[PDB]
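Q: Protein chains in written order, with PDB author numbering: chain Bt, 52 to 102; chain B0, 39 to 148; chain Bo, 23 to 119; chain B3, 35 to 152; chain BJ, 29 to 66.
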Amino acid sequence: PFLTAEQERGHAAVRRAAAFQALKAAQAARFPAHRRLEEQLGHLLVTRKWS
Amino acid sequence: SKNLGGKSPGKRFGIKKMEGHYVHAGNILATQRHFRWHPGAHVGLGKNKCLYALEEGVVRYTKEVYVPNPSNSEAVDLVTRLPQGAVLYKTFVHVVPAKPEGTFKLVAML
Amino acid sequence: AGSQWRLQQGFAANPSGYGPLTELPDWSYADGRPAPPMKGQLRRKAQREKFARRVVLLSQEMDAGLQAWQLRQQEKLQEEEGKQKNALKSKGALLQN
Amino acid sequence: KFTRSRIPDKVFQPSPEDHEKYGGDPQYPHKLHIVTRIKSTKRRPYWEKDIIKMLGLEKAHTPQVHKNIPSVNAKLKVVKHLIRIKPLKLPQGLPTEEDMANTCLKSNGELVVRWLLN
Amino acid sequence: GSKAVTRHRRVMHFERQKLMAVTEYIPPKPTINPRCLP
RNA sequence: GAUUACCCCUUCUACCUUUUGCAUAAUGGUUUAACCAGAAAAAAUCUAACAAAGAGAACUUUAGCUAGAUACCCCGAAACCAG
RNA sequence: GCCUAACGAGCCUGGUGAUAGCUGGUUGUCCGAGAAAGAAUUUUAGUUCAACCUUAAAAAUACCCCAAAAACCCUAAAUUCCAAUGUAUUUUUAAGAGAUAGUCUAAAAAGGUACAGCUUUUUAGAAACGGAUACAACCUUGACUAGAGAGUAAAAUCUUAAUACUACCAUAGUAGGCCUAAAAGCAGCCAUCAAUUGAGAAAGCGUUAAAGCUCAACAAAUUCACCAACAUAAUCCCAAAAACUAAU
RNA sequence: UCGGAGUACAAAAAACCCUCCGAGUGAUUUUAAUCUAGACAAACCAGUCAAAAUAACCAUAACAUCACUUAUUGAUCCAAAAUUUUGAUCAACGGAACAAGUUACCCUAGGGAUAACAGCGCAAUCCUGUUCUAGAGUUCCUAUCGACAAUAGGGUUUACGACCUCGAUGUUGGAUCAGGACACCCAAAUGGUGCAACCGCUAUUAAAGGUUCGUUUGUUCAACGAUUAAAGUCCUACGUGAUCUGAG
Ligand SMILES: Nc1nc2c(ncn2[C@@H]2O[C@H](COP(=O)(O)O)[C@@H](O)[C@H]2O)c(=O)[nH]1
Ligand SMILES: [Mg+2]
Ligand SMILES: [Mg+2]
Ligand SMILES: [Mg+2]
Ligand SMILES: [Mg+2]
Ligand SMILES: [Mg+2]
Ligand SMILES: [Mg+2]
Ligand SMILES: [Mg+2]
Ligand SMILES: [Mg+2]
Ligand SMILES: [Mg+2]
Ligand SMILES: [Mg+2]
Ligand SMILES: [Mg+2]
Ligand SMILES: [Mg+2]
Ligand SMILES: [Mg+2]
Ligand SMILES: [Mg+2]
Ligand SMILES: [Mg+2]
Ligand SMILES: [Mg+2]
Ligand SMILES: [Mg+2]
Ligand SMILES: [Mg+2]
Ligand SMILES: [Mg+2]
Ligand SMILES: [Mg+2]
Ligand SMILES: [Mg+2]
Ligand SMILES: [Mg+2]
Ligand SMILES: [Mg+2]
Ligand SMILES: [Mg+2]
Ligand SMILES: [Mg+2]
Ligand SMILES: [Mg+2]
Ligand SMILES: [Mg+2]
Ligand SMILES: [Mg+2]
Ligand SMILES: [Mg+2]
Ligand SMILES: [Mg+2]
Ligand SMILES: [Mg+2]
Ligand SMILES: [Mg+2]
Ligand SMILES: [Mg+2]
Ligand SMILES: [Mg+2]
Ligand SMILES: [Mg+2]
Ligand SMILES: [Mg+2]
Ligand SMILES: [Mg+2]
Ligand SMILES: [Mg+2]
Ligand SMILES: [Mg+2]
Ligand SMILES: [Mg+2]
Ligand SMILES: [Mg+2]
Ligand SMILES: [Mg+2]
Ligand SMILES: [Mg+2]
Ligand SMILES: [Mg+2]
Ligand SMILES: [Mg+2]
Ligand SMILES: [Mg+2]
Ligand SMILES: [Mg+2]
Ligand SMILES: [Mg+2]
Ligand SMILES: [Mg+2]
Ligand SMILES: [Mg+2]
Ligand SMILES: [Mg+2]
Ligand SMILES: [Mg+2]
Ligand SMILES: [Mg+2]
Ligand SMILES: [Mg+2]
Ligand SMILES: [Mg+2]
Ligand SMILES: [Mg+2]
Ligand SMILES: [Mg+2]
Ligand SMILES: [Mg+2]
Ligand SMILES: [Mg+2]
Ligand SMILES: [Mg+2]
Ligand SMILES: [Mg+2]
Ligand SMILES: [Mg+2]
Ligand SMILES: [Mg+2]
Ligand SMILES: [Mg+2]
Ligand SMILES: [Mg+2]
Ligand SMILES: [Mg+2]
Ligand SMILES: [Mg+2]
Ligand SMILES: [Mg+2]
Ligand SMILES: [Mg+2]
């Protein structure tokens, strides 16, 4: 090995914790999506005509 | 047939908490058919010979010298027949207590 | 076949990998303007870069690790002396002699 | 019972000729591994399957780079029959930020920083 | 299924056979036969 | 798959069912047409109303109530009973 | 037995859409994940719980895991438990069913015949459109679509078939002492000395006891010489063939 | 049904019409309280420990003990008791409040998940060879035999296993016609003999062709009469019932 057993202790514990914070955060964000007027109203475009 | 009734389920005798674990008072540390592990510091002995924690803390197993109670005939006999240098050793379970016993707080300033 | 030779010579075992055969932009406009880049080469760029970035990262982490250890050794050795400087002068046994 | 397996440390004490043979330096251990998954995890026990998954070795014949620290060497030791391990080499040194786009990894296991100038 | 020990010599799993065949003893072969030397 | 070329060449052990496992020499079918078999809203989830209250009476409520939408097959015994 | 072509109890209608843990059947397309059994049970042809699993939802740690640690006579492969580290998983909450008639391979055992494509548990694995001619389970292989590109994997005739050992020469105490009808080198018991350059109170055959053939002994010479070999089935043998032009 | 040891070698768990011991309670007085943190165990039901705090008692006094101590046990409902309880070889021991035979007169639903025929696996039993010689053979192991054992094959018998078939793979012996093996009964060619000759007894090679007629048995075998150059051993779904027979 390059490092000994004790030389690698916690040698990256900062990155590991960070990663897990991102994993958590990604899941915490899950919520039903926003609903907008452009949808419910935009449906009416179905019957659009020439006159 | 000749052979009968050998059928009974295991008793799940084992060691429940292991060295270095955290424990809360009243946790069963081990359960055993005969004494295998003896209770040490802050570990209570049940009447079925199971060991439970009397204190919140950390479990530790240890080898230590065995000096039986003089009210026990058998054990004192076993001890009495040993060659003059020999000492019985056994395995013990302790709980090294964690929280401090209590704190002093400021109630009222008169 | 002939992957063994190709490896001894330091190329890719498969002619498809990373040679000038694959990497280069196989067509161009007659005028000489370059062609829009190729999807394959784009992806290969991105993941080669990803790889490189990672190499950098691990190298740096291992270095910073070793330095942290050396520092901790120094702090320990400094505390061993921080005990002696801060110590009281031994009196009792020496004064009679 | 077929079980997991101990691997006596004597296996991993290198003989002085081995340095000459595989091209490692007697004095200084290399910094990084390029690990490749050479075999398949099928027909192997679940624990090797897991080790391969957590080494990023999922896809075959794709290189992956790992620290040469003992934490990693342990897992690698478990699956060493499923993989090929070769030391990463840096002739041109580690890449700066200008060199990230031009980086490439040659099969002799060496990372070239400037790829295809003009 | 057969017991571990048996009378009949017990055909091996193929991979074990390959092991056996690779690990056979190889006697050292002198460069010149000692008889044809002086 | 092809091929200038129908074959000739090459590659593929019908389909359902049942099974640890079916090319199976296990089940079923000559073929065509027409008929021939998943049904319910207690709790839940989703959408919406109004909200300490909601329901067009009767009830339910320590965010609930009201409404809507989401769900559970077909053929077959030997028998038994009455006239 | 017979009671209108089927009587261990007629026929018809109604009860009736009797009831079947048992068999059969169950109709558009495409996509996402995805299951082999612990417990009870008139139960083992079935259910209902667990464990897995699916759909949503909340979280936080989840595997992997170095010391340290877990028994008293002997005792293996190894477990348990846990930081670091590599990863992204795991746990709860709310809804759900299916499944619970199992195969072979390797390993530890038991039963049997140290028999089974046998049976019963435990650990692991598999169920290719590639390979092992054919092939479920062995081996290679993280299963997308289109190419009249490329690199690799496992993989295709297995070795042996071996046993030659020959010349030359033989006379002396003496039928050594015993037991026995006879024991003369050679039913048996005991000594095992001694002439000749050289030949045992004799290693095999032989005789009723001999006589008689050979061995070891001289001399004569001298390639090498320890062991090793093992019949067969019922429709018709079963690719064809081939000891060298360079092959990690 | 319950427990202890092995199986199950070191955390737990772990099967068998597996190997072995036990339990369905005694004896005794120390008559062994109330309430509650936390746990063990676990599908559920049941089981287990247990600090602190109360109350009992020396006036800061809570583990009934022994017999391997582990097991000495039983849910609901319902009955008896009146204050607080007791009640099942419900032993098929998760327990139906109370029910036996027989069917070849049988029926239906299924099952090759499971037997009888046949196949297949295997080779205990069976059959072949070789290996080894103590011994039989007056002497002499191997002319002819050969104990104790050894190695390997064959796949007839009886089993063993339950893998194909139960929406049918119709079963004993005959008849007819036979296909095949060789482990040869006859015919041919030889080696050895305890082969003089005639007979024989063994062994080698050879499978083109042959291998009878009757009395009794359903019979295959078997016994008997008469013969033959001989009246072979077997395999073919114990060949052959969409060719026959039907005694069994
Ligand atoms: N022994 C006993 N019998 C019960 C119990 N519950 C119901 N029974 C039933 O009540 C009935 C009492 O009538 P018995 O036959 O005893 O005169 C029996 O059929 C018995 O089985 C119970 O708890 N114990
Ligand atoms: Mg037991
Ligand atoms: Mg059990
Ligand atoms: Mg692509
Ligand atoms: Mg086995
Ligand atoms: Mg079957
Ligand atoms: Mg199934
Ligand atoms: Mg098949
Ligand atoms: Mg078939
Ligand atoms: Mg057919
Ligand atoms: Mg079949
Ligand atoms: Mg059929
Ligand atoms: Mg069919
Ligand atoms: Mg059927
Ligand atoms: Mg069908
Ligand atoms: Mg049909
Ligand atoms: Mg509702
Ligand atoms: Mg549905
Ligand atoms: Mg009735
Ligand atoms: Mg009825
Ligand atoms: Mg009638
Ligand atoms: Mg029905
Ligand atoms: Mg049933
Ligand atoms: Mg069926
Ligand atoms: Mg599966
Ligand atoms: Mg019952
Ligand atoms: Mg369930
Ligand atoms: Mg450890
Ligand atoms: Mg951990
Ligand atoms: Mg079942
Ligand atoms: Mg089996
Ligand atoms: Mg398994
Ligand atoms: Mg094939
Ligand atoms: Mg794959
Ligand atoms: Mg895969
Ligand atoms: Mg001589
Ligand atoms: Mg023969
Ligand atoms: Mg041929
Ligand atoms: Mg638990
Ligand atoms: Mg107390
Ligand atoms: Mg019962
Ligand atoms: Mg029961
Ligand atoms: Mg129970
Ligand atoms: Mg009932
Ligand atoms: Mg009768
Ligand atoms: Mg009658
Ligand atoms: Mg029927
Ligand atoms: Mg069967
Ligand atoms: Mg079955
Ligand atoms: Mg039949
Ligand atoms: Mg039979
Ligand atoms: Mg038959
Ligand atoms: Mg049979
Ligand atoms: Mg058949
Ligand atoms: Mg055999
Ligand atoms: Mg004799
Ligand atoms: Mg046969
Ligand atoms: Mg058998
Ligand atoms: Mg079976
Ligand atoms: Mg049948
Ligand atoms: Mg049929
Ligand atoms: Mg014939
Ligand atoms: Mg012959
Ligand atoms: Mg003849
Ligand atoms: Mg013939
Ligand atoms: Mg037969
Ligand atoms: Mg027949
Ligand atoms: Mg017949
Ligand atoms: Mg007929
Ligand atoms: Mg026929």
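Virtual Cβ for every residue (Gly too), placed ideally from N, Cα, C.
When DSSP labels each residue in this structure, what does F36 (chain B3) get in the three-state scheme?
A: DSSP places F36 (chain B3) in coil when its eight states are reduced to three.
Q: Looking at the structure shown, is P42 (chain Bo) part of a helix, part of a strand, or coil, going by DSSP?
A: Three-state result, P42 (chain Bo): helix.
Q: Hey, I68 (chain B3) and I117 (chain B3): beta-carbon distance below 8 Å or not?
A: Their beta carbons are not under 8 Å apart, which means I68 (chain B3) does not touch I117 (chain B3) by this criterion.
Q: Is DSSP giving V33 (chain BJ) helix, strand or coil here?
A: It is coil, neither helix nor strand.
Q: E59 (chain Bt) touches chain Bo at which residues, Cβ-Cβ below 7 Å?
A: The contacting residues are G87.
Q: In whole angstroms, give me the CA-to-CA distance for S25 (chain Bo) and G143 (chain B3).
A: Computed Cα separation, rounded: 16 Å.
Q: Check whether chain Bt comes within 8 Å of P60 (chain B3), counting only Cβ atoms and requiring the distance to be less than that.
A: So, not an interface residue.
Q: Below 9 Å on C-beta distance, what does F53 (chain Bt) contact in chain Bo?
A: What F53 (chain Bt) touches in chain Bo: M84, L88.
Q: Taking buried to mean at least 16 other C-beta atoms within 10 Å of its own C-beta, is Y80 (chain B3) buried or exposed?
A: By the 10 Å Cβ count, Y80 (chain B3) comes out exposed.
Q: Between which two residues does the alpha helix (DSSP H) harbouring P50 (chain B3) extend?
A: Segment 50-56, the alpha helix (DSSP H) holding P50 (chain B3).
Q: Using 8 Å as the threshold, is the C-beta distance between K128 (chain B0) and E112 (chain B0) below it?
A: Their beta carbons are not under 8 Å apart, which means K128 (chain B0) does not touch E112 (chain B0) by this criterion.
Q: For the alpha helix (DSSP H) containing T118 (chain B0), list its first residue and its last residue.
A: Taken as a continuous stretch (DSSP letters only), the alpha helix (DSSP H) holding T118 (chain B0) covers 111-118.
Q: List the residues of chain Bt that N136 (chain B3) touches, going by C-beta distances under 9 Å, in chain order.
A: Result: empty, since nearest Cβ-Cβ is about 26 Å, beyond 9 Å.
Q: Please compile the residues from chain Bo whose C-beta is within a distance smaller than 8 Å of the C-beta of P129 (chain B3).
A: By Cβ distance, chain Bo contributes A74, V77, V78.
Q: DSSP three-state label for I85 (chain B3), please.
A: In this structure, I85 (chain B3) counts as helix in the three-state DSSP scheme.
Q: Short of 8 Å in beta carbon distance, which residues of its chain neighbour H62 (chain Bt), apart from the five on each side in sequence? Order them along the chain.
A: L54.
Q: Since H53 (chain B3) and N102 (chain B3) are thought to touch, with beta carbons under 8 Å apart, how far apart are those beta carbons, to the nearest angstrom?
A: Not confirmed; about 16 Å, so no contact.
Q: In whole angstroms, give me the CA-to-CA distance for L128 (chain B3) and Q95 (chain Bo).
A: The alpha-carbon atoms of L128 (chain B3) and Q95 (chain Bo) are separated by roughly 28 Å.
Q: Using a Cβ cut-off of 8 Å (strictly closer), state whether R70 (chain Bo) contacts chain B3.
A: At least one chain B3 Cβ lies under 8 Å of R70 (chain Bo).
Q: What residue range does the alpha helix (DSSP H) around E89 (chain Bt) cover?
A: Residues 88-93.
Q: Of the residues that make up the region 96-129 of chain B3, which ones have a beta carbon closer than 9 Å to any beta carbon in chain Bo?
A: Those residues of the region 96-129 of chain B3 that come within reach of chain Bo (Cβ to Cβ, closer than 9 Å) are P97, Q98, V99, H100, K101, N102, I103, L122, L124, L128, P129.
Q: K54 (chain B0): which of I66 (chain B0), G44 (chain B0), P47 (chain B0) sits nearest, CA to CA?
A: Here the closest residue by C-alpha is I66 (chain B0).
Q: Determine the chain Bo residues that contact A84 (chain Bt) at a beta-carbon separation under 8 Å, and present them in chain order.
A: Near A84 (chain Bt) there are no residues of chain Bo at all, since even the closest Cβ is about 29 Å away, more than 8 Å.
Q: Measuring straight from C-alpha to C-alpha, what distance separates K109 (chain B3) and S49 (chain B3)?
A: Near 23 Å, if we compare the C-alpha coordinates of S49 (chain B3) and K109 (chain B3).
Q: Report the neighbours of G41 (chain Bo) on chain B3: residues whose CB is nearer than 8 Å to its CB, in chain order.
A: Within 8 Å Cβ-Cβ: nothing; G41 (chain Bo) doesn't reach chain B3, min ~11 Å.
Q: Taking 8 Å as the threshold, find out whether the region 131-138 of chain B3 comes into contact with the region 72-92 of chain Bo through three or more Cβ pairs.
A: With a cut-off of 8 Å, the region 72-92 of chain Bo and the region 131-138 of chain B3 count as touching, because enough Cβ pairs lie within range.
Q: I'd like to confirm the pairing. Which residues does DSSP put opposite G95 (chain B0) in its beta bridges?
A: In DSSP, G95 (chain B0) forms a bridge with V61 (chain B0), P135 (chain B0).
Q: Note down, in chain order, each residue of its chain lying with its Cβ closer than 7 Å to the Cβ of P106 (chain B0), except the 5 sequence neighbours on either side.
A: Counting only Cβ-Cβ distances below 7 Å, and skipping sequence neighbours, we find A113, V114, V117.
Q: How far does the alpha helix (DSSP H) with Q98 (chain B3) in it reach, from first residue to last?
A: Note, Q98 (chain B3): premise wrong, no alpha helix (DSSP H); beta strand (DSSP E) at 97-101.
Q: What does DSSP give as the partner residue(s) for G52 (chain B0) in the beta ladder?
A: Per DSSP, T69 (chain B0).
Q: Kindly list the residues whose CB is nearer than 6 Å to the CB of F130 (chain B0), restricted to its own chain and excluding five residues on each side of it in sequence; keep chain order.
A: Cβ neighbours of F130 (chain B0) beyond the five flanking positions: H76, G78, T100, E102.
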